Each structure stands twice: as C-alpha cells, then as structure tokens.
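**Student:** with the input below, show me the fold.
(4 chains, ligands or ions: 4)
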Amino acid sequence: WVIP
Amino acid sequence: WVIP
Amino acid sequence: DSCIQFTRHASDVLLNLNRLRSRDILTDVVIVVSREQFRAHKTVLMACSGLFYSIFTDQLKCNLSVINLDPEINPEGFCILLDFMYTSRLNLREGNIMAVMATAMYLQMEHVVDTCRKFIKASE
Amino acid sequence: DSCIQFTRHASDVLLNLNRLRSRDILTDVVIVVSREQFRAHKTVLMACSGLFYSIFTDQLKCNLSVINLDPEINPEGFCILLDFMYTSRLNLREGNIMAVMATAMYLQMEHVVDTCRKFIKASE
Ligand SMILES: O=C1Cc2cc(Nc3nc(Cl)ncc3Br)ccc2N1
Ligand SMILES: O=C1Cc2cc(Nc3nc(Cl)ncc3Br)ccc2N1
Ligand SMILES: [Cl-]
Ligand SMILES: [Cl-]
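**Tutor:** Numbering: from 1, shown residues only, chains lettered A, B, ... in the order given. Ligands and ions are numbered 1, 2, ... in the order given. The relevant structure is shown in the block below.
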C-alpha cells in the first residue's frame, strides 16, 4: 500500500 | 514497454 | 518466453472498466446492501473478492441478476470497497475503518483486511 | 482525496480475469477470425480495443454473442493480441510483427501499434  |  | 510488457496496461484496463461502471455500460448484476443498490460487472467483482468468486462460479447463482448481501453489511463500507475494486484506491478513514474491515472480511478481500488490521493496530 | 492505493491491485485483477478466460468462466462473446474462434469477456475487449469499445457500445451489436472480424485479419495476430489484452505481455517476433501490427491497427490498440512501428523502424 502507498500514498498515490 | 519493458523486458518483464 | 521472449514477450515484451506494457507497464501501464493493467492500470489502463482497470481505468476503462471503471469508466464503463460510471456510465452503467455492460453491468450485469445489482448488489443489494439493505436499502442501497450497486450496479457492477460480475467479472470485476469475482477478480477482487473471494466471496463474489464463489457466488458467480456457482452453477445456479452465476445466472442471478440480483445478489442480496447479509443485512449486517454496511452500505457505505460496501461502496468504499466497490470503488477500491475498480480503482485500486481505498478511502480508509477513522470513521469508516471498522465497517470497511468487516465488509472486506465478509467479501474475502485479504489485502484490504491486512491494511485495516495494521491501521487499527497503529491507533491502539 | 486521502485514499491509500494497493500497487499490485490492477495486475492482480487482470491475472484473475485471465484465469476466468482460461477456464471459460463468464465469457460472453465469440470472436470469429476466419476458421478460428476465440471466447472472451466483452468488457475486457472494450477496455483494450477502440474497435471493441465502439462495437459493444452500439445499441444493436452490444447484444450479439458472435462477432465476425474482417477476413483479412490473421488468426495468429488476433491470438497474440487477445493474450496481450489479458496479460500485458506481447509475443512480438520477426515472423509475426507485420500481422500483429495490422491486427492492432484494425482493433485500435494504439500502444501496440506504436511498439510495432518502433521495432520495424529498428530493423530497416
Ligand atoms: O482476497 C481475495 C481476492 C480474491 C479473488 C478471487 N478471484 C479469483 N481467483 C482465482 Cl484463483 N481465479 C479467478 C478469480 Br476471478 C478469489 C479469491 C480472492 N481472495
Ligand atoms: O488504443 C486504444 C485502447 C482503447 C480502449 C477503449 N476503451 C474505453 N475507452 C473509454 Cl474512453 N472508456 C471506456 C472504455 Br472500455 C477505447 C479506445 C481505445 N484505444
Ligand atoms: Cl484485496
Ligand atoms: Cl494497446
């Protein structure tokens, strides 16, 4: 999971 | 396009 | 093999599937969550959820145009997850994390359950 | 928004759609290319091809279960492109590049046409  |  | 690969292909496909969803094009099922209805593509639901995969591979349920979820399922939690299925983006907030995790467990969306558990563990 | 994103989601969705294709699950159209037949999901074809997008948004053609391609279309070129749609991998070879490019132009698959033109320009 990432900060888009 | 890339070499997978 | 000696194949070449287009990096953005999977993302572009999903973006187009979401465009079809937004315009209600070739949607083939309604998911009923209490008083709310959500139109979707069976194939996308199956590709994202162990529960939908099991439902639409059933020889009888594969032909249903309406699927009623358990009454304990929160419509907002389902909405957030349906958006995630079609976009890879999850709108996880303090106010919705419990409903989202409970919905992801029911839908069998393992990666979503995993990030919810981690975000909850960080706030305790 | 304040969304989080799962990097591998789009790729995992496509992998699952290809698994459904391989097991012939919820395929809803046959594409006829001369003597050959290819089963697929209308939504995936539309998401990958300007031609299929135009065909299945047509109020009459959207309901067809069989689509016949132009007789000039090469079945192997179509097969290579159908595999690309479901996998992001293109089996581009000296022996098939002309048929693949001609098929990608007909299907309106701009990125495939682009790499074919570049690979051809390199060998001249
Ligand atoms: O957390 C998750 C997400 C998910 C998706 C599917 N979908 C499919 N799985 C397989 Cl193996 N083949 C085709 C399809 Br469609 C099955 C289980 C799960 N569990
Ligand atoms: O080279 C390409 C690939 C492609 C795909 C689509 N598909 C869609 N396009 C739009 Cl804007 N919305 C929903 C869908 Br499905 C249209 C044109 C093209 N040209
Ligand atoms: Cl997931
Ligand atoms: Cl393309």
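**Student:** going by C-alpha atoms from here, please, whenever you check contacts or count neighbours.
**Tutor:** Noted.
**Student:** what's the helix or strand where residue C:83 lies packed up against?
**Tutor:** For residue C:83, the enclosing helix or strand under DSSP states H and E is helix C:75-87. Using 3 or more C-alpha pairs under 8 Å, 6 or more residues apart in numbering or on different chains; DSSP states H and E as the contact criterion, the elements in contact with helix C:75-87 are helix C:9-22, helix C:42-48, strand C:89-90, helix C:97-107.
**Student:** among these, single out whichever gets nearest to residue D:39.
**Tutor:** Nearest of those to residue D:39, taken as C-alpha to C-alpha: helix C:42-48 at 14.5 Å.
**Student:** quick one: contacts of the closest one?
**Tutor:** Residues from elsewhere that reach helix C:42-48 (C-alpha atoms under 8 Å, 6 or more residues apart in numbering or on different chains): C:27-29, C:52-54, C:56, C:85-86, C:109, D:12-14, D:16-17, D:26.
**Student:** show me what residue of chain C gets nearest to ligand 2.
**Tutor:** Closest residue of chain C to ligand 2, C-alpha to the nearest ligand atom: residue C:16 (4.3 Å).
**Student:** what does chain C put close to ligand 2?
**Tutor:** Near ligand 2, the residues belonging to chain C are C:16, C:17, C:19, C:20 when assessed by C-alpha under 6 Å from any ligand atom.
**Student:** and the first one, how many neighbours does it have?
**Tutor:** Residue C:16 is surrounded by 20 other residues when neighbours are defined as other C-alpha atoms under 10 Å in any protein chain shown.
**Student:** tell me how far the closest residue to it other than its chain neighbours lies from residue C:120.
**Tutor:** Taking C-alpha to C-alpha, 6 or more residues apart in numbering or on different chains, and ignoring the residues beside it in sequence, residue C:16 has residue D:47 as its nearest neighbour in space, at 5.1 Å. To residue C:120, residue D:47 is 36 Å away according to C-alpha to C-alpha, to the nearest Å.
**Student:** between the two, tell me which one has more neighbours.
**Tutor:** Comparing residue D:47 with residue C:120 by other C-alpha under 10 Å, the one with more neighbours is residue D:47, at 22 against 13.
**Student:** quick one: that one from ligand 3, how far?
**Tutor:** Residue D:47 sits 21 Å away from ligand 3, going by C-alpha to the ion, to the nearest Å.
**Student:** same question for residue C:113.
**Tutor:** Distance, residue C:113 to ligand 3, using C-alpha to the ion: 7 Å.
**Student:** that residue against residue C:99, yeah?
**Tutor:** No: the pair residue C:113 / residue C:99 is not scored as a contact, 11.0 Å apart, by C-alpha atoms under 8 Å.
**Student:** what's the closest non-adjacent residue to residue C:11?
**Tutor:** Nearest-residue entry for residue C:11: residue D:10, 5.3 Å, with adjacent residues in sequence omitted and distances by C-alpha to C-alpha, 6+ apart.
**Student:** what is the neighbour count of the one you found?
**Tutor:** Neighbours of residue D:10 under the rule other C-alpha under 10 Å: 24.
**Student:** and the one 10 residues further on, by the same measure?
**Tutor:** Burial measure for residue D:20: 20 neighbouring residues, criterion other C-alpha under 10 Å.
**Student:** what's the answer for residue C:87, then?
**Tutor:** Close neighbours of residue C:87, defined as other C-alpha under 10 Å, add up to 19.
**Student:** can you pull the contacts of it?
**Tutor:** In this structure, residue C:87 makes contact with C:14, C:15, C:18, D:10, judged by C-alpha under 8 Å, 6+ apart.
**Student:** for residue C:94, same thing?
**Tutor:** For residue C:94, no contacting residues are found, by C-alpha under 8 Å, 6+ apart.
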